[PDB]
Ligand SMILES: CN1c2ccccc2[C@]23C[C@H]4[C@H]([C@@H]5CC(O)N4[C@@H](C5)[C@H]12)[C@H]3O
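For reference, the chain that follows is the form deposited without ajmaline, supplied as structure tokens.
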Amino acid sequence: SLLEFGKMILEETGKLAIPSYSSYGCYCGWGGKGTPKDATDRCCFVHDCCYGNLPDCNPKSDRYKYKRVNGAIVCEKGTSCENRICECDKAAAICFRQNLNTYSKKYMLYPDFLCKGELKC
């Protein structure tokens, strides 16, 4: 659920999910359309696509368990939806960490009309 995902993001990047990643670019937050603005926005796009492969799961509210093995994120065994949701979130948190150097505040609160284009998962 968003509770685990937010904690994962803070641990990984030092930034608070909200406000740092809830209104960033075209895909971090709201849903999504257009071309990702940058690497961090692409992390969100892929994350949305990852959730997209789990039609009968509920990523935002279904809670899962995960632990840290010397920094490494390890998803603990739960239901099948929980396992897959955790893997999607783990991937995004790492992607965010990997692109911290290019994170740009000019993409915070990015306006909707500037998200033009096509990008299928």
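All residue numbers refer to positions in the sequence shown, first residue = 1.
Although it is not shown, the form deposited with ajmaline bound is what the next lines describe.
The closest heavy atom approach of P55 to ajmaline in the deposited complex falls within 4.5 Å. With a 4.5 Å cutoff on heavy atoms, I73 does not count as touching ajmaline in the deposited complex; it lies far away. Within this chain, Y66 is remote from the site of ajmaline in the deposited complex, having no heavy atom within 4.5 Å. At a distance threshold of 4.5 angstroms between non-hydrogen atoms, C49 is in contact with ajmaline in the deposited complex.
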